[PDB]
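Written below as structure tokens is the structure these notes are about.
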Amino acid sequence: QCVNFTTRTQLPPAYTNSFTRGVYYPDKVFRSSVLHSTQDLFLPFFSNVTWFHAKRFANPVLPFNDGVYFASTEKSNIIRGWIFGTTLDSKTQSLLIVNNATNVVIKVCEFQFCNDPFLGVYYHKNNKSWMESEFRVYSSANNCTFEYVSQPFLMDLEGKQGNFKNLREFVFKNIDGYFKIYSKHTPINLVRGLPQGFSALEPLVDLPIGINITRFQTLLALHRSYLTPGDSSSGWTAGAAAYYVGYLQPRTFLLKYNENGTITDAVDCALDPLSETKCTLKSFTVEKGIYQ
Amino acid sequence: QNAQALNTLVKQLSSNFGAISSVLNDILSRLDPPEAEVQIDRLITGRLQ
Amino acid sequence: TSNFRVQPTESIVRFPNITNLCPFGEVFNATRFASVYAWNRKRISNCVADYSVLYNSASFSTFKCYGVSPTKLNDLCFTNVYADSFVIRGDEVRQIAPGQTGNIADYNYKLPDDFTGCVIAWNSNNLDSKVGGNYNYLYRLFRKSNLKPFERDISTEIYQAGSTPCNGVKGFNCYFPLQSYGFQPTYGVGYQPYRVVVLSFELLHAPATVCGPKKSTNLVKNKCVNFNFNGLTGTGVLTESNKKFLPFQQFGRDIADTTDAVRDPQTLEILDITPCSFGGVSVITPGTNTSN
Amino acid sequence: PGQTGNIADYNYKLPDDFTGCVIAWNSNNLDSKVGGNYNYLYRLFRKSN
């Protein structure tokens, strides 16, 4: 059922701090303990990210410019997919991605998306369990010049299915007609903010789609129970999650690979003058003195 | 000072100097000598400087 | 006097184990090449990239390559390869090249400056030129600015000529984005259509499974060999190491950008490249007057 | 010199330096006969170049 409600709420965009976030492997080369420096698009340190709350219909249009960061602190994986493109009204070609228990369908068709797309899961039906039910994400798929499926990509980490929360961390990059994705998931105990640590995001897939992308939708998969009346948009208004949005731009990071080849720490050459000193001097410890 | 001079001498081996790659084994194994000679010569001039 | 360096005792080739044959036969001999305003992105992959049937063959009017020698194409393993097939005019044959500005080189198809890869062209009088009128092939003229390389545009709206707003199907000072073609066998050079396919590689950054029928020689260790891993030549003394390569990490470099670690494309173990035990020789010498 | 092709790699090759040059002109008036000019041929491959 591709029908929606006129509005839910004028989303208050609460912000939070991305302490040490947006660090991902910029290359496909293993490196031992070295201090490399790459001119790749990262998320600048200590940047305000648009903390969107799931319980209150956080599924707006968001300009996807020069790549966009993404996280999700949640259990049971409320938010699933994304809807990219530059026109979104089937007039021009546009991307589409989903995620569910069948497989993560990735398509580039002249889709006609629904105003409130998500994945409804009518559960406790004839088996006292859960089973994906709804597919109200789009209506038409007339023209198409791409497709992909790999497997149901729901990376529920160990921990007996949500002792802590599953923190997805995702980078989507789109330059010179190549859609690039990096991902990692780590467990934490913090409920509202983000922890104090350095996370490195490995690549997972590239797309030869070359489609002009300027937005994304972040399918939240609205569902609470199979007895919630609604107009296919509201009714399933229950989200115990949150998802973050962060832009990317040129940031000449200075990456510190340890002996194990992992990016232990990083330095941003525009966060502050001291970090620019650490960059020009090309180290992490700066002795007393004056540097140009 | 000695260690820094040697380190920058090593690090200068990873520069293109205008060539298509900073390693000779990717120029020789991807270009016929007639037009690989110009890239090898660019690297020669840069590394010699 | 001179320098002592050990010589390689063996030659080694280590390619992925594959037996498929690449779609070049289908790609080049397709039924009807698409219009130049919307070309095709056919991701050839996981096949023995035999370019012998490409360079030893005939009827290819122009087969010239940029950055890759045609005779080395049989020895290079590509991360990905793409076939951009379309039809152009005789005056556009030069325009399918890096730089070389023209009309279609600035309107509907552009190549980057590096363009690791090349193009193949041949006439299209025998298969396209009919006296009935080949208006089925078109191309865009201007989209208020220049386009970007390797990006398509299949939005068949009405774009204004400029300085005046219109709508509908026709307006004064408001044109139509496309322009038709007229291929007929009465045509000649500069007018007869040409069938152009564009190959674009991506070399020596990431692990690769697309390259020619070079026979993978057995693997030897602890001896000076002239190894060849996916086309990465070089002398070394292969040993075993414990460098924790991540699944997407093929190679491993040092400060001088020389690979000091490699992974077998057949048995995914972490090797340890190291050049031979070279050195310099000094010659202690009493004066030749006194002794020899 | 250079400019790889079929005959440039099969039956006639020039060195890389090639001090000296070439002259060419059409041969329709003296060779092209409808009878069939099979009197001229060329090699293709001898297991190598």
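Residue numbers start at 1 in each chain; chains themselves are named A, B, ... in the order of the structure tokens; ligands are numbered from 1 in the order shown.
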inquiry  = From a backbone DSSP assignment, name each residue in region 69-267 of chain A labelled strand (DSSP E), as a ChimeraX atom specification.
reply    = /A:69-74,94-97,106-109,144-148,165-175,178-188,200-207,242-247,249-250,253-257,263-267
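Set the cut-off at 10 Å, count only C-alpha atoms, and the residues of chain B near chain C turn out to be residues 7, 8, 9, 10, 11, 12, 13, 14, 15, 20, 22, 23, 24, 25, 26, 27, 28, 29, 30, 31, 32, 33, 35 and 36 of chain B.
Proximity to residue 108 (chain C) was assessed for C:151, C:202, C:84, C:264 counting only C-alpha atoms; the smallest distance is recorded for C:151.
For the atom pair formed by CA of residue 87 (chain C) and CA of residue 117 (chain C), the distance is 18.5 Å, given to one decimal.
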Closest atom pairs, residues of chain D within 12 Å of chain B, only C-alpha atoms, as a Markdown table:
```
| residue | atom | partner | partner_atom | distance |
| --- | --- | --- | --- | --- |
| D:1 | CA | B:34 | CA | 8.5 |
| D:2 | CA | B:34 | CA | 6.4 |
| D:3 | CA | B:34 | CA | 9.3 |
| D:4 | CA | B:32 | CA | 9.8 |
| D:14 | CA | B:34 | CA | 12.0 |
| D:15 | CA | B:34 | CA | 10.2 |
| D:16 | CA | B:34 | CA | 7.0 |
| D:17 | CA | B:34 | CA | 9.6 |
```
Once you have the residues from the selection above, write them out as a tab-separated table (two decimals), in the first residue's frame, restricted to N, CA and C atoms.
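Result written to again02.tsv:
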```tsv
chain	number	residue	atom	x	y	z
D	1	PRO	N	58.67	3.88	-37.37
D	1	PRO	CA	59.12	3.37	-36.07
D	1	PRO	C	58.00	3.46	-35.05
D	2	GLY	N	57.92	2.45	-34.19
D	2	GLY	CA	56.76	2.29	-33.34
D	2	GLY	C	55.52	2.06	-34.18
D	3	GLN	N	54.42	2.72	-33.84
D	3	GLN	CA	53.17	2.65	-34.60
D	3	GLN	C	52.81	1.20	-34.93
D	4	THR	N	52.57	0.43	-33.88
D	4	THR	CA	52.36	-1.00	-34.03
D	4	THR	C	51.08	-1.29	-34.80
D	14	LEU	N	60.71	-1.44	-38.53
D	14	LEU	CA	61.76	-0.44	-38.52
D	14	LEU	C	62.38	-0.35	-37.13
D	15	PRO	N	63.67	-0.01	-37.04
D	15	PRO	CA	64.28	0.15	-35.71
D	15	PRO	C	63.71	1.35	-34.97
D	16	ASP	N	64.13	1.53	-33.71
D	16	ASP	CA	63.57	2.62	-32.91
D	16	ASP	C	64.13	3.97	-33.34
D	17	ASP	N	65.42	4.01	-33.70
D	17	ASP	CA	66.01	5.27	-34.16
D	17	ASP	C	65.60	5.58	-35.59
```
Using only C-alpha atoms, find which residues of chain D lie within 12 Å of chain C and jot them down as an mmCIF file with N, CA, C and O atoms, in the first residue's frame.
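What follows is the written file iface-v2.cif:
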```
data_model
loop_
_atom_site.group_PDB
_atom_site.id
_atom_site.type_symbol
_atom_site.label_atom_id
_atom_site.label_comp_id
_atom_site.auth_asym_id
_atom_site.auth_seq_id
_atom_site.Cartn_x
_atom_site.Cartn_y
_atom_site.Cartn_z
ATOM 1 N N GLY D 2 57.921 2.450 -34.188
ATOM 2 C CA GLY D 2 56.757 2.293 -33.340
ATOM 3 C C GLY D 2 55.522 2.059 -34.185
ATOM 4 O O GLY D 2 55.579 1.299 -35.157
ATOM 5 N N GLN D 3 54.418 2.719 -33.842
ATOM 6 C CA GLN D 3 53.166 2.653 -34.598
ATOM 7 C C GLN D 3 52.814 1.202 -34.933
ATOM 8 O O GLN D 3 52.793 0.777 -36.088
ATOM 9 N N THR D 4 52.569 0.431 -33.875
ATOM 10 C CA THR D 4 52.359 -1.002 -34.028
ATOM 11 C C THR D 4 51.080 -1.287 -34.804
ATOM 12 O O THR D 4 50.091 -0.555 -34.704
ATOM 13 N N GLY D 5 51.109 -2.359 -35.584
ATOM 14 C CA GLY D 5 49.953 -2.787 -36.363
ATOM 15 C C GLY D 5 50.063 -4.246 -36.707
ATOM 16 O O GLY D 5 50.528 -5.051 -35.889
ATOM 17 N N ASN D 6 49.644 -4.602 -37.921
ATOM 18 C CA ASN D 6 49.762 -5.980 -38.385
ATOM 19 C C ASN D 6 51.070 -6.196 -39.143
ATOM 20 O O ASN D 6 51.908 -7.002 -38.727
ATOM 21 N N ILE D 7 51.265 -5.468 -40.245
ATOM 22 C CA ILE D 7 52.486 -5.643 -41.026
ATOM 23 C C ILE D 7 53.678 -5.028 -40.305
ATOM 24 O O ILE D 7 54.825 -5.431 -40.533
ATOM 25 N N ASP D 9 54.394 -5.616 -37.438
ATOM 26 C CA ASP D 9 54.823 -6.642 -36.506
ATOM 27 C C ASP D 9 54.960 -8.017 -37.142
ATOM 28 O O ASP D 9 55.367 -8.957 -36.451
ATOM 29 N N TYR D 10 54.637 -8.165 -38.425
ATOM 30 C CA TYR D 10 54.558 -9.475 -39.057
ATOM 31 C C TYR D 10 55.587 -9.690 -40.154
ATOM 32 O O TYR D 10 56.203 -10.758 -40.209
ATOM 33 N N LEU D 44 52.306 -14.084 -42.055
ATOM 34 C CA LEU D 44 51.419 -13.769 -40.942
ATOM 35 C C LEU D 44 52.072 -13.966 -39.581
ATOM 36 O O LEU D 44 52.063 -13.049 -38.758
ATOM 37 N N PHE D 45 52.631 -15.141 -39.313
ATOM 38 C CA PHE D 45 53.266 -15.377 -38.024
ATOM 39 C C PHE D 45 54.201 -16.569 -38.138
ATOM 40 O O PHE D 45 53.918 -17.517 -38.873
ATOM 41 N N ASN D 49 57.560 -12.877 -33.246
ATOM 42 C CA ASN D 49 57.785 -11.748 -34.131
ATOM 43 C C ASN D 49 59.119 -11.904 -34.858
ATOM 44 O O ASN D 49 59.955 -12.744 -34.516
#
```
